[PDB]
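Report on the structure given below.
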Amino acid sequence: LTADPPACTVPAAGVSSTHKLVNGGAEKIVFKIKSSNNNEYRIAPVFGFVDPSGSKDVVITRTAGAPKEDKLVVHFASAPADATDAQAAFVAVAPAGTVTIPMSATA
């Protein structure tokens with residue numbers, strides 16, 4: 001599971017950044033995203049799936065605030081049987097791993 005790009009850099013005054021989650025594994029993955037800063041950041045989507053050899057776009061929207069270093073943590077796990085919506089399914093699965101995307105809001 002990779003993220004292209006693996007790091008985020010946005011203007012502290014405001015902006016948007018798109019990262020493509022890539023699953024090079026042989027099974028579908030379910031993921032949940034948590035931000036270290038829910039004040040100046042909005043993440044879309046927070047829950048989702050990434051198919052084998054497939055990808056999922058995650059948009060990071062930044063609003064005005066003080067420059068600062070933050071982190072976007074992506075918790076993931078094997079997607080269960082026939083889950084159709086990640087959030088519902090994430091309710092019964094314990095994450096298997098996490099990848100962190102740093103977010104640098106600069107002046």
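Labels used: A, B, ... for chains in the order of the structure tokens, numbers from 1 for residues in each chain, and numbers from 1 for ligands as shown.
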Could you tell me, as a PyMOL selection string, which residues of chain A DSSP assigns to alpha helix (DSSP H) when given the backbone?
chain A and resi 86-90
Neighbouring residues of residue 3 of chain A were defined as those with any atom within 7 Å, considering only C-alpha atoms; residues of the same chain fewer than 5 positions away were excluded. Please report them as a PDB file with N, CA and C atoms, in the first residue's frame.
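Below you can see around_37.pdb, which holds the result:
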```pdb
ATOM      1  N   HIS A  19      -3.809  12.809  -3.204  1.00  0.00           N
ATOM      2  CA  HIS A  19      -2.894  11.691  -3.071  1.00  0.00           C
ATOM      3  C   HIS A  19      -3.582  10.410  -3.516  1.00  0.00           C
ATOM      4  N   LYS A  20      -2.900   9.642  -4.358  1.00  0.00           N
ATOM      5  CA  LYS A  20      -3.458   8.395  -4.868  1.00  0.00           C
ATOM      6  C   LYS A  20      -2.990   7.192  -4.060  1.00  0.00           C
ATOM      7  N   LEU A  21      -3.914   6.560  -3.337  1.00  0.00           N
ATOM      8  CA  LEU A  21      -3.568   5.371  -2.567  1.00  0.00           C
ATOM      9  C   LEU A  21      -3.468   4.229  -3.573  1.00  0.00           C
ATOM     10  N   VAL A  22      -2.342   3.526  -3.564  1.00  0.00           N
ATOM     11  CA  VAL A  22      -2.146   2.430  -4.496  1.00  0.00           C
ATOM     12  C   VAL A  22      -1.984   1.100  -3.791  1.00  0.00           C
TER      13      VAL A  22
END
```
Enumerate as a ChimeraX atom specification all residues of chain A assigned to strand (DSSP E or B) by DSSP on the backbone, naming them with the chain letters and numbers the document uses.
/A:2-4,8-11,15-23,29-35,41-44,47-50,54-62,68-78,97-106
Need to verify the contact set: segment 37-50 of chain A, 10 Å, only C-alpha atoms, exclusion of same-chain residues closer than 3 positions in sequence. Can you return it as a PyMOL selection string?
chain A and resi 1+12-18+21-25+27-34+53-66+68-72+74-79+83-90+103+105
Take the residues that were just selected and, keeping C-alpha atoms, output them as a PDB file, in the first residue's frame.
```pdb
ATOM      1  CA  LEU A   1       0.000   0.000   0.000  1.00  0.00           C
ATOM      2  CA  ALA A  12      -0.777  27.635   5.179  1.00  0.00           C
ATOM      3  CA  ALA A  13      -3.290  30.218   3.946  1.00  0.00           C
ATOM      4  CA  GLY A  14      -5.255  27.557   2.088  1.00  0.00           C
ATOM      5  CA  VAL A  15      -5.115  24.900  -0.587  1.00  0.00           C
ATOM      6  CA  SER A  16      -5.801  21.381  -1.801  1.00  0.00           C
ATOM      7  CA  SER A  17      -3.672  18.259  -2.300  1.00  0.00           C
ATOM      8  CA  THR A  18      -4.557  14.961  -3.989  1.00  0.00           C
ATOM      9  CA  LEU A  21      -3.568   5.371  -2.567  1.00  0.00           C
ATOM     10  CA  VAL A  22      -2.146   2.430  -4.496  1.00  0.00           C
ATOM     11  CA  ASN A  23      -2.744  -1.202  -3.623  1.00  0.00           C
ATOM     12  CA  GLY A  24      -0.224  -3.470  -5.304  1.00  0.00           C
ATOM     13  CA  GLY A  25      -1.308  -6.466  -3.244  1.00  0.00           C
ATOM     14  CA  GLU A  27      -6.498  -8.603  -2.025  1.00  0.00           C
ATOM     15  CA  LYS A  28      -8.864  -5.663  -1.586  1.00  0.00           C
ATOM     16  CA  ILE A  29      -7.955  -3.342   1.266  1.00  0.00           C
ATOM     17  CA  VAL A  30     -10.174  -1.269   3.539  1.00  0.00           C
ATOM     18  CA  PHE A  31      -8.818   1.971   5.022  1.00  0.00           C
ATOM     19  CA  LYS A  32      -9.713   4.695   7.540  1.00  0.00           C
ATOM     20  CA  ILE A  33      -8.001   8.073   7.715  1.00  0.00           C
ATOM     21  CA  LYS A  34      -7.305  10.210  10.768  1.00  0.00           C
ATOM     22  CA  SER A  53      -3.752  -3.343  -8.335  1.00  0.00           C
ATOM     23  CA  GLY A  54      -6.250  -0.517  -8.027  1.00  0.00           C
ATOM     24  CA  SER A  55      -6.158   3.015  -6.662  1.00  0.00           C
ATOM     25  CA  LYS A  56      -8.210   5.449  -4.606  1.00  0.00           C
ATOM     26  CA  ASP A  57      -7.889   9.225  -4.640  1.00  0.00           C
ATOM     27  CA  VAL A  58      -7.824  11.006  -1.302  1.00  0.00           C
ATOM     28  CA  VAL A  59      -8.212  14.784  -1.355  1.00  0.00           C
ATOM     29  CA  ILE A  60      -6.711  16.906   1.401  1.00  0.00           C
ATOM     30  CA  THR A  61      -8.368  20.313   1.659  1.00  0.00           C
ATOM     31  CA  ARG A  62      -6.566  22.958   3.737  1.00  0.00           C
ATOM     32  CA  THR A  63      -8.109  26.130   5.176  1.00  0.00           C
ATOM     33  CA  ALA A  64      -6.346  29.208   6.553  1.00  0.00           C
ATOM     34  CA  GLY A  65      -4.220  28.803   9.656  1.00  0.00           C
ATOM     35  CA  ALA A  66      -0.706  29.055  11.063  1.00  0.00           C
ATOM     36  CA  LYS A  68       2.606  23.898  10.974  1.00  0.00           C
ATOM     37  CA  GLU A  69       3.659  20.299  10.498  1.00  0.00           C
ATOM     38  CA  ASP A  70       0.875  17.733  10.836  1.00  0.00           C
ATOM     39  CA  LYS A  71       0.220  14.100   9.937  1.00  0.00           C
ATOM     40  CA  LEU A  72      -2.348  12.101   8.032  1.00  0.00           C
ATOM     41  CA  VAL A  74      -4.029   5.875   7.117  1.00  0.00           C
ATOM     42  CA  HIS A  75      -5.177   2.781   9.012  1.00  0.00           C
ATOM     43  CA  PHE A  76      -5.753  -0.203   6.730  1.00  0.00           C
ATOM     44  CA  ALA A  77      -6.615  -3.888   6.702  1.00  0.00           C
ATOM     45  CA  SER A  78      -7.714  -6.763   4.524  1.00  0.00           C
ATOM     46  CA  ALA A  79     -11.177  -6.025   3.143  1.00  0.00           C
ATOM     47  CA  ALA A  83     -18.084  -5.516   2.193  1.00  0.00           C
ATOM     48  CA  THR A  84     -19.783  -2.809   0.106  1.00  0.00           C
ATOM     49  CA  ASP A  85     -19.000   0.137   2.369  1.00  0.00           C
ATOM     50  CA  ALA A  86     -15.736   0.453   4.281  1.00  0.00           C
ATOM     51  CA  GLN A  87     -16.999   2.368   7.298  1.00  0.00           C
ATOM     52  CA  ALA A  88     -19.612  -0.271   8.028  1.00  0.00           C
ATOM     53  CA  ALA A  89     -17.022  -3.021   7.584  1.00  0.00           C
ATOM     54  CA  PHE A  90     -14.267  -1.189   9.480  1.00  0.00           C
ATOM     55  CA  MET A 103       1.348  17.412   5.864  1.00  0.00           C
ATOM     56  CA  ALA A 105       1.466  23.824   5.754  1.00  0.00           C
TER      57      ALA A 105
END
```
What gap, in Å, lies between atom CA of residue 101 of chain A and atom CA of residue 35 of chain A?
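Straight-line distance from atom CA of residue 101 of chain A to atom CA of residue 35 of chain A works out to 9.6 Å.
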Out of A:26, A:107, A:73, A:81, which residue has the shortest atom-to-atom distance to residue 95 of chain A when counting only C-alpha atoms?
A:73
